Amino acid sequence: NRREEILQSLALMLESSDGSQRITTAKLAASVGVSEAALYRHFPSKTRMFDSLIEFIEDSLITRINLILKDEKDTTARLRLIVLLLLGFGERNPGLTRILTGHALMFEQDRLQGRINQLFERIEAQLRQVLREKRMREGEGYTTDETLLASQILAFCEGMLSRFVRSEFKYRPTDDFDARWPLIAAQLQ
């Protein structure tokens, strides 16, 4: 309830220009409209607030990705949708993107960056899974190693996302995606 309210504020601050700098328990409480003391009746620490945010991001993505796998059977189409999804989610959630790129995690304990990594390794697995199944589904797999292909695709995504945070959200990820995808598809060999 209120717990949801605090986190909702932490996102807009993470999205705002202030997301560039540190986000202290003090200004957060201010953003909310409550005291720092009450803030800690909902969380044991600031790190716990990001933990909730990382779970939201992960849940959001994994759930979306799993739907993709059920709505689309074609390997290429699955990859395209997954990519368009990571870009789309980041674009719709600039504040949370700073968490995905790791910038917002610079101030908190390094354990949080460890979780986001697992998210990435989790997503990359799914990418590697989709690639691997091109064999069973289409008869012929890829000449290139799947782990290398998955990482190649994922790298482009992180590239667009960090480029998104870096330029203060001027460089929108899904910008010219339909012109960019043919480029990415040419790597699937």
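Position 1 is the first residue in the sequence shown; the rest follow in order.
Between the stretches 58-66 and 25-33, it is 25-33 that shows the larger average CA temperature factor. Higher mean CA temperature factor between 68-76 and 109-117: 109-117, per the PDB entry. Between the residues 128, 137, 41, 163, it is 41 that shows the highest Cα B-factor in the PDB record. Of the residues listed, 151, 144, 45, 52, the entry assigns the biggest Cα temperature factor to 45. When the CA B factors of the chain's modelled residues are split into thirds, the value for residue 7 lands in the highest one.
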